[PDB]
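Asks: This is the structure I have questions about; it appears just below.
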Amino acid sequence: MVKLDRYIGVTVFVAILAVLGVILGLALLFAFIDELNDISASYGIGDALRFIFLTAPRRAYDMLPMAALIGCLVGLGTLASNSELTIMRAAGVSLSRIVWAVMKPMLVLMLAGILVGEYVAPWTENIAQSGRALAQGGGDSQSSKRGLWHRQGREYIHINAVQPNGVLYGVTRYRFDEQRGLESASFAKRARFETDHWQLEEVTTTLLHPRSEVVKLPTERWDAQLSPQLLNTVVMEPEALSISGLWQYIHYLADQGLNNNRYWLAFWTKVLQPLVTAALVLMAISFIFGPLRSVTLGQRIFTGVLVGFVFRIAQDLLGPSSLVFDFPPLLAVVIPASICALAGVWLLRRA
Amino acid sequence: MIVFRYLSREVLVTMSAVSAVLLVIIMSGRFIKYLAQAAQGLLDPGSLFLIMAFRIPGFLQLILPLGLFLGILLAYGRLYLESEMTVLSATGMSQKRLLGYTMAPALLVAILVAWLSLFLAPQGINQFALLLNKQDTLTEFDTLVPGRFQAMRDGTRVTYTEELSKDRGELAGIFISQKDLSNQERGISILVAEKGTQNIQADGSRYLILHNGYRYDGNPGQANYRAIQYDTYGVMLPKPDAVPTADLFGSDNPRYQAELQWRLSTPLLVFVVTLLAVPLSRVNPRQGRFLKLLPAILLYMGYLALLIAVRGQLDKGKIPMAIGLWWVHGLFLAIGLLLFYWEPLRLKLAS
Amino acid sequence: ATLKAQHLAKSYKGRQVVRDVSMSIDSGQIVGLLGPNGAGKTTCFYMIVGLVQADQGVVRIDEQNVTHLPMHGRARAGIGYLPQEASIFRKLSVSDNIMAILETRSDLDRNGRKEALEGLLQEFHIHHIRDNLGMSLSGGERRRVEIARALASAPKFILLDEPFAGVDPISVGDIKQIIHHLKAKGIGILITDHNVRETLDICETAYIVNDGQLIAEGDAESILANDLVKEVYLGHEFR
Amino acid sequence: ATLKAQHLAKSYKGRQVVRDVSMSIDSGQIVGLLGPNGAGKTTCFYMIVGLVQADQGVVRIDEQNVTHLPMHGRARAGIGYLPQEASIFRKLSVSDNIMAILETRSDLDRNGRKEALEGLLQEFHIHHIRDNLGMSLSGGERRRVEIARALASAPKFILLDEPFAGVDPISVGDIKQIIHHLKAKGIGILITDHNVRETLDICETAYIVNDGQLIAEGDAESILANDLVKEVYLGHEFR
């Protein structure tokens, strides 16, 4: 059972690769279509291309499960289109054997895909959003999306972007006298936290009362807590964080007593992704390729896309609802995966 | 004439089924988001049915042409598979004649989406906007807690206050931080106050006066600053979609001309996609009636999304109001023309 | 009339499936086209119907070149086509199947269109199923109303594609009867099929193509006596 | 070994396609199945192969009921199937077509798999195309390697689907020769086709089912002399 297993293995493998190629191409195409309302004449089509193509290694990982479902459907769809699968099972080979032969290249592309997306996606993505924001509207005291406003005593602080590395980007320090006269307005590009104090870098403090001094190194005057929940409201979504970053952050707010369940959920959708994909395509292969009736390839891929979008909606509703009611995050991703798995098993026994 | 009513009835009933499916889908997702918002903050629990009822034309507007696309694709695919179109054109039916027979329902649906797009969208978004503006002008908690630090949409302006009054129209300890529009007047403006008093207008918006404050129009780290010692200062703040209003034709405002071009552009888009789907339904090889459906939906999204992109760049990019939208419609028109005249170019070049 | 196909040649990825095949078929005679599957029989027949565009060659109906124009033009010239698969309007009745195509005829009036509708209905004895839809008819009745529609286009030639495909031995005689009906109207008939016995039994001047080139021609006995066709197609053991 | 299918019946939404069809096939004999298309001729064969699940009835191969098992279960019980369409593994060569299924055989060894591979390769005259892929073969070679795999599954019965359909009259003798080879190997053979002449020429005990019920059975002469099959199937003008 080596020649058939390598046959379906290579077929499903190259099928998943091609599907990922086309889907990634269309995704980048629409991203470029959508990023055409943002040009401020500072940088447009070129910075667009740089942003999109730096985001391609990220988007490939987000596309890997769908490319795996559709890919397996293209493999077994092309094999069953030429009547090879019907006679393959008409000779003693059960359907479960075919499901495993299809699932091994999937497990290879998912186990290999999670470390590719986690080692290559966060870096290229950080460069992408960083450069895009900087040329688009970065360095400004004001930041799009969300920037943190806080008041300490008679001092007003705005943060352009809080990164989950303990670094604050775009720190404005508005220091008025009691009389409200601005005795100093300052700006800092980045800030580092070290034990007892906040140490700012690339700082520019300007005021003209009886100069515009520029200090590049630490300034420590924040007795404010700048609480980890206040900062936690402004952290970027756990999508960009590495898997290890999700673990260390999960355990970062756990020590502070802050709750960390969204990050547990993303952690488990990240770690158990080959499993939920394996169950999804198990149920799909069982349901679509089960009956002996000949089905065209477009109908197979179409109905499988319907399955993938339906269960996609299922997890999308079942996550927020999983943690608003404070359940364990593991069963959140395990229960739908086990439903697709057991449904695929019962469909296998139906045949 | 039996062919006319035959293909016309098939196309109309098929596009009606597809538009019903897509309509239930979109209305169910948007319903999940509106019931969601109605569960998160208990916003309008009773009349969310009325909210969706106002959102119906805005969805049917964009759903109807796609339903026509996949309608003629599915129905004509049916006729090609079962050899009906073969013996149809084997008798003397030119593909031009097929494009006319198909083009009459395109005119009907073009009128339906025309009156719906011109009339029912500004009305539905108008009523939805008035209800939303009342139940949200007193339920959207747009007024401060007082709390601190309220921000608008982008984050350009920030209003901060320590106290609200009985009339929820007095203030105390005010500070505002705003930018204007861009390149011009790049400086950030900040105002500080002891006492302020907010006045809201029955029509909408809010106007507030602050007493004995200060005014600054300079950037934190540039050393260019101005001080304005005042004792009374009245600011008119904006509002707590806005463009879908009424059908006032293209005037001095370029945004109204653009929106008129888009609302007017949807039926022409119906005609264009109708031209696309007549030769794109040649699935005679009897191997794929569901195959072109995904490229049809995705390509149609490449029509709609790109049209929205150039419509967005129509106002700030100074694309003359005779070039842009007709440039898009001309692109996809060129696609349809090419697809239609693929074979006549072979036959006429052969001569 | 006179249908002519002179020096047909098709190139298929370095492979010449059919090269320099010339045949002619006149109105009122039943002409067959047979040979091995790899030969130019399959591609050449479509090159006559117009489904497959001929890379090189001439196809003219009655001194009028009809080769490289669309299929509907060939239909106006008089060339009708009848595929093997179900081609009935499943949603239209029999009277709607015949009238629907009768309305396309240029030279008619409502008296002529209804007269032709009733004439074709009572001609093929399908007057009792004039209300039954396409999907409700059986196979024989389906082919019957298909032939009725083909006559409703008023052609000078008809190209039958696999007539004796999937047909019971009891219905082959009915097929012979309806094809003789078509012959009695002075309309040419071209038949291609794998049922060589009945095909040659009904065809007057059949052609035989092998490995791209025409290898034989003539009546049933002339082909049964040809040694090359016995070498490559019929076999020394057939009949 | 003797396969029996007792009281098969398939119902299609108020129309009973097959009622009370019983058939038996012994190892080493060629059994045919014929009849009209609307009859249970087509559906019964599928109910035996396992492609169509029988609503009610018994299907047993040598005392082992195979009715409510998957098609692969019938395959392990000994039921092999050979469809008419292309069933070749187009991307792997012929030797991979036979060896790929030979590796699934429980009762073999690596020496045994190579010996059986060579035996089937030189046995079916496919020894020269050991390098050609599936998609590269012609029709005859296609069917040869298909039958080669069918025997490579080591079945006790083989269910051929339209063997004589679309074969040139020169190849009919080759098909009969290979089916006689399958006869000489002690494996049952079920043949269904529309070419009644060649099937009855090669089948020993053919069956005829009409409108659901079995109407005839017996030898070629018993069927040619049977009056019902000439009334509803053969058409009084057979041979």
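Cβ: placed from backbone, ideal geometry, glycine included. Neighbour counts: every protein chain shown. Only the coordinates and a few stated rules stand behind these numbers; no lab work does.
Asks: Mind checking the angle between helix C:139-152 and chain C's longest principal axis? C-alpha axes, 0 to 90 degrees, to the nearest 10.
Replies: 90 degrees
Asks: In the protein assembly as shown, with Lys and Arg counted as +1 and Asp and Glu as -1 at Cβ, which of these residues, A:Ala90, A:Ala332, C:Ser27, has the Cα nearest the positive end of the dipole, that is, farthest along it?
Replies: A:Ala332
Asks: Placing the label point 7 Å from Cα along the Cα-to-Cβ direction, what are the distances from D:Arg105 to the equivalent spots in the other copies, shortest first, in nm to one decimal?
Replies: 6.6
Asks: Just in region D:128-182: which trypsin sites (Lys or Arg not before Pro) are loop by DSSP and have at most 15 other Cβ atoms within 10 Å?
Replies: D:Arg130
Asks: Might you report the magnitude of the Cβ-based charge dipole of the protein assembly as shown about its Cα centre, with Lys and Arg at +1 and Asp and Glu at -1, to the nearest 20 debye?
Replies: In total the dipole reaches around 1200 debye.
Asks: Take the alpha-carbon positions of region A:183-317, form their convex hull, and give its projected area averaged over all directions (one quarter of the hull surface) in nm².
Replies: Result: a mean projected hull area of 13.6 nm².
Asks: Would you mind computing the Rg to Rh ratio of chain B from its alpha-carbon coordinates, Kirkwood style for Rh?
Replies: Ratio of gyration radius to Kirkwood radius: 1.12.
Asks: Using the Karplus curve 6.51 cos²θ - 1.76 cosθ + 1.60 with θ = phi - 60°, what ³J(HN,Hα) values do you get for each residue of region A:52-64, in whole Hz, with x for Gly and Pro?
Replies: 4, 6, 5, 7, 4, x, 6, 5, 4, 5, 5, 8, 4
Asks: Same structure again: Find the all-direction average of the projected area of the Cα convex hull for the protein assembly as shown, expressing the result in square nanometres with one decimal place.
Replies: Result: 55.9 nm².
Asks: Still on this structure, please answer the following. Using the Cα centre as the reference, give the magnitude of the dipole from point charges on the C-beta atoms of region C:1-154 (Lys, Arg: +1; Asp, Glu: -1; all else neutral), rounded to the nearest 20 debye.
Replies: Its charge dipole is roughly 540 debye.
Asks: Can I ask one more? Quickly work out the A:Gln248-to-D:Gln122 label distance, labels modelled 7 Å from Cα along the C-beta direction, and quote it in nm with one decimal.
Replies: 6.8 nm
Asks: Placing a label point 7 Å from Cα toward Cβ, how far apart in nm is D:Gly119 from its equivalents in the other copies, listed shortest first to one decimal?
Replies: Inter-copy label distances (nm, one decimal, shortest first): 7.0.
Asks: Another question about this same structure. Normalised radius of gyration for region D:18-110, please: alpha carbon Rg relative to 2.2 N^0.38 Å, two decimal places.
Replies: That works out to 1.29 for region D:18-110.
Asks: May I pose another question? With viscosity set to 1.002 mPa s and temperature to 20 °C, compute the Stokes-Einstein D of region B:143-240, Rh being the Kirkwood radius across alpha carbon pairs; µm²/s, no decimals.
Replies: 152 µm²/s
Asks: With a cap of 11 neighbouring Cβ atoms within 10 Å, and only residues DSSP puts in a loop, list the trypsin sites (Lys or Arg not before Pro) found in region B:77-160.
Replies: Answer in residue order: B:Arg153.
Asks: Same structure again: Please list, in order along region B:99-105, the HN-Hα scalar couplings obtained from phi with the Karplus expression 6.51 cos²θ - 1.76 cosθ + 1.60 (θ = phi - 60°), rounded to whole Hz, x for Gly and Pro.
Replies: Each residue's phi maps through the Karplus curve to give 5, x, 3, 6, 6, 5, x Hz.
Asks: Relative to the Cα centre, what is the charge dipole magnitude of chain A, using +1 at the beta carbon of each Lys and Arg, -1 at the beta carbon of each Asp and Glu, and rounding to the nearest 20 debye?
Replies: My answer is approximately 1340 debye.
Asks: Among A:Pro122, A:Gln229, A:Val171, whose Cα sits farthest toward the positive end of the charge dipole of chain A (+1 at Cβ of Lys/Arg, -1 at Cβ of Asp/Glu, about the Cα centre)?
Replies: Working it through, the farthest residue towards the positive pole turns out to be A:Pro122.
Asks: If the label for D:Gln29 sits 7 angstrom from Cα along the Cα-to-Cβ line, what are its distances to the same label in every other copy, in nm to one decimal, shortest first?
Replies: Relative to the other copies, D:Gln29 has label-point distances of 5.1 nm.
Asks: Name the most mobile residue of D:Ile61, D:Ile101, D:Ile30, meaning the one with the largest mean-square fluctuation, in a Gaussian network model of chain D with Cα contacts below 10 Å.
Replies: D:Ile101
Asks: Have a look at region A:139-236 and give its Rg and Dmax from the Cα atoms, expressed in angstrom.
Replies: Expressed in Å, the Cα Rg and Dmax of region A:139-236 come to 13.2, 42.
Asks: Moving to a separate point now. Could you give the distance between the Cα centres of region A:1-67 and region B:95-126, to the whole Å?
Replies: If we compute the Cα centre of each part, the gap is 35 Å.
Asks: Under a plain spin-label model, where a point goes 7 Å from the Cα along Cα-to-Cβ, how far apart in nm are A:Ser184 and B:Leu264?
Replies: 6.0 nm
Asks: Still on this structure: At q = 0.07, 0.09, 0.11 Å⁻¹, what base-10 log of I(q)/I(0) does the Debye formula yield for chain A when every alpha carbon is treated as an equal point scatterer in vacuo?
Replies: Log-scaled intensity ratios, in q order: -0.43, -0.65, -0.86.
Asks: On to the next question. In chain B, if the dipole is taken from +1 on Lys/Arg beta carbons and -1 on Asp/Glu beta carbons about the Cα centre, which of B:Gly124, B:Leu299, B:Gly169 is farthest to the positive end?
Replies: B:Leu299
Asks: Go from 0 up to the bin containing the longest alpha carbon distance in chain D, width 5 Å each, and give me the % of pairs per bin.
Replies: 1, 6, 14, 17, 19, 16, 12, 8, 4, 2, 0, 0
Asks: Excluding same-chain residues fewer than 8 positions from C:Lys10, which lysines have a Cα within less than 22 Å of its Cα?
Replies: C:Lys10 reaches B:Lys348, C:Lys41.
Asks: Suppose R0 equals 51 Å; then what is the FRET efficiency for D:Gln6 and B:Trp327 from their Cβ-Cβ distance, rounded to the nearest 0.05?
Replies: 0.10
Asks: For labels at A:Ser130 and B:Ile111 in the simple 7 Å Cα→Cβ model, what's the distance in nm?
Replies: 6.1 nm
Asks: Hey, another quick one. Can you give the helix-only mean residue ellipticity at 222 nm for chain B, where every DSSP H stretch with n ≥ 4 adds -39500 (n - 2.57) and the sum goes over all residues, rounded to the nearest 500 deg cm²/dmol?
Replies: For chain B, the value works out to -18500 deg cm²/dmol.
Asks: Please check: in the Gaussian network model of chain D (C-alpha springs, under 10 Å), which one of D:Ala77, D:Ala216, D:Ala165 has the largest mean-square fluctuation.
Replies: Of D:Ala77, D:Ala216, D:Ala165, the most mobile in the Gaussian network model is D:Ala165.
Asks: Distance check, please: which entries in C:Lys176/D:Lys4; A:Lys145/B:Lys292; A:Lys104/D:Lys4; A:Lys104/D:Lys91; A:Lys189/B:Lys33 exceed 31 angstrom between their Cα atoms?
Replies: Pairs exceeding the cut-off: C:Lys176/D:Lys4; A:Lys145/B:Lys292; A:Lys104/D:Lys4; A:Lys189/B:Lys33.
Asks: At 0.36 nm per residue, and after removing the present C-alpha to C-alpha distance, how many nm does the segment from A:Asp62 to A:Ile45 gain when stretched out fully?
Replies: 3.7 nm
Asks: Additional query: In whole angstrom, how far apart do the alpha carbon centroids of region D:118-189 and region B:160-226 sit?
Replies: Between the Cα centres of region D:118-189 and region B:160-226 lies a distance of 90 Å.
Asks: DSSP loop (so not H, G, I, E, B), at most 14 other Cβ within 10 Å: list which GluC sites (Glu not before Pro) in region D:148-239 pass both filters.
Replies: D:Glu237
Asks: Only bridges with both residues in chain C count here: give the DSSP antiparallel percent, nearest 5.
Replies: Of all bridge pairs located within chain C, approximately 60 percent are antiparallel.
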